[PDB]
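One chain comes next, on its own, written as structure tokens: the form deposited in one PDB entry.
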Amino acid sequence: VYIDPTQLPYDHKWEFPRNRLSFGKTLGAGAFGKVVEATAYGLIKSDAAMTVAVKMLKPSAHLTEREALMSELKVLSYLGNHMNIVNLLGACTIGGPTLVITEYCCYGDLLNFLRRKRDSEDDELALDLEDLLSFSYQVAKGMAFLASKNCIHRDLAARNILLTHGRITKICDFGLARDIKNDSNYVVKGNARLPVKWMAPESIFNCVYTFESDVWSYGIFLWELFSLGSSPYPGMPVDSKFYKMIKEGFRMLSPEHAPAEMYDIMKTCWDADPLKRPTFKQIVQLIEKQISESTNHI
């Protein structure tokens, strides 16, 4: 049974005075919200200031978005700390609109990182592959953690993975801080704009999100990861024929640089039967083995 975010607690140990925040550049924004870099004085050590990210709503937000941001705060507090998630550091729930303070990741999102690597010899090939295997491993570990907490991400994709010091990757969710109106990867399906090319068939046709639909999305993520940031199903618009092709079982081919075993993981993530897809804990063990064998590769 997946978590109901509205029925999680909020611990005032997270409370931080908003006047100790100094806001900087906007890191992302959508219609109703934004994430902004900031300096937080005294957040961790009383005499130290540190860089954080702050998610907040815009004045155009309604009750639904206000409740959504408080629910996000509650989820982040409930999840606790994991190396491969963006971690909560504090919050401002009094003295003004809700502010949610998290870690700042210094290299931006993985999608942009990948697309520069492709807008660019076997040694470089090999080193890039070492990084990509690491990224696949870290994301699977962060997702296994989310699943262990009965949490569903619902929008896993390279654009929702951040890179920071040490080439550590952290899963995030820009959510309301993304301009999905102007992001072609989000397409109108009924009443909402959804990332359909990342979504499992049961999510598309039944609006059902599960542990297993997150795994499907992880498979698409692996494909963009080893395609250096290409959009999935290249050349195909999301329309009537795309839905039928997915129902009949058509799938993307392997990326040209994906290792054979990473392609096999992709394929199993895209099984039409959710019960046949691997779990994230199973994926972690499979990638661990590939990394372990990669020290045997020259």
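From 1 onward, residues are counted along the sequence shown. Rigid core: the largest C-alpha set superposing within 1.5 Å between the two forms.
Engineer: With respect to the deposited sequence, is there a break between residue 191 and residue 192 in this entry, and if so is it 1 to 3, 4 to 9, or 10 or more residues, or none at all?
Structural biologist: Nothing is missing between them.
Engineer: For the C-alpha atoms alone, is the average B factor greater in 181-189 or in 78-86, going by the entry?
Structural biologist: Comparing averages over the C-alpha atoms only gives 181-189.
Engineer: Which is higher on mean Cα B factor in this entry, 237-245 or 54-62?
Structural biologist: Mean CA B-factor is higher for 237-245.
Engineer: Out of 104, 174, 218, 205, which one has a C-alpha B factor higher than all the others in the entry?
Structural biologist: It is 205.
Engineer: Looking at 128, 224, 214, 122, which has the highest CA B-factor as recorded?
Structural biologist: Of 128, 224, 214, 122, 122 has the highest C-alpha B-factor.
Engineer: Lowest, middle or highest third of the chain for the C-alpha temperature factor of residue 261?
Structural biologist: Lowest third of the chain for residue 261's C-alpha B-factor.
Engineer: Where does residue 48 sit by CA temperature factor within its chain: lowest, middle or highest third?
Structural biologist: Answer is highest: the recorded C-alpha B-factor places it there.
Engineer: Is residue 68 in the lowest, middle or highest third of its chain when residues are ranked by C-alpha B-factor?
Structural biologist: For residue 68, the deposited C-alpha B-factor lands in the middle third.
Engineer: Relative to the other modelled residues of the same chain, rank the CA B-factor of residue 210 and answer lowest, middle or highest third.
Structural biologist: It belongs to the highest third of the chain when residues are ordered by C-alpha B-factor.
Engineer: Considering only modelled residues of the same chain, in which third does the CA B-factor of residue 166 rank: lowest, middle or highest?
Structural biologist: CA B-factor rank for residue 166: lowest third.
Although not depicted, the form deposited in another entry is the subject of the following passage.
Engineer: With both forms fit on the core, has residue 106 moved 2 Å or more by CA between the shown form and the other one?
Structural biologist: Shift of 2 Å or more: no.
Engineer: Residue 236: after superposing the rigid core, is there a C-alpha shift of 2 Å or more between the shown form and the other one?
Structural biologist: Yes; residue 236 is a residue whose C-alpha shifts (by 2 Å or more) between the shown form and the other one when the cores are overlaid.
Engineer: Establish whether a shift of 2 Å or more occurs at the C-alpha of residue 177 between the shown form and the other one, with the two forms superposed on the rigid core.
Structural biologist: Indeed, residue 177 is displaced by 2 Å or more.
Engineer: How does the C-alpha distance between residue 9 and residue 281 change in the other entry compared with the present structure, closer or farther, given a change of 3 angstroms or more?
Structural biologist: Compared with the form shown here, the C-alpha atoms of residue 9 and residue 281 sit farther apart in the other entry, by 3 Å or more.
Engineer: What direction does the residue 185-residue 170 Cα distance move in the other entry compared with the shown chain, closer or farther, given a change of 3 Å or more?
Structural biologist: Relative to this form, farther apart in the other entry.
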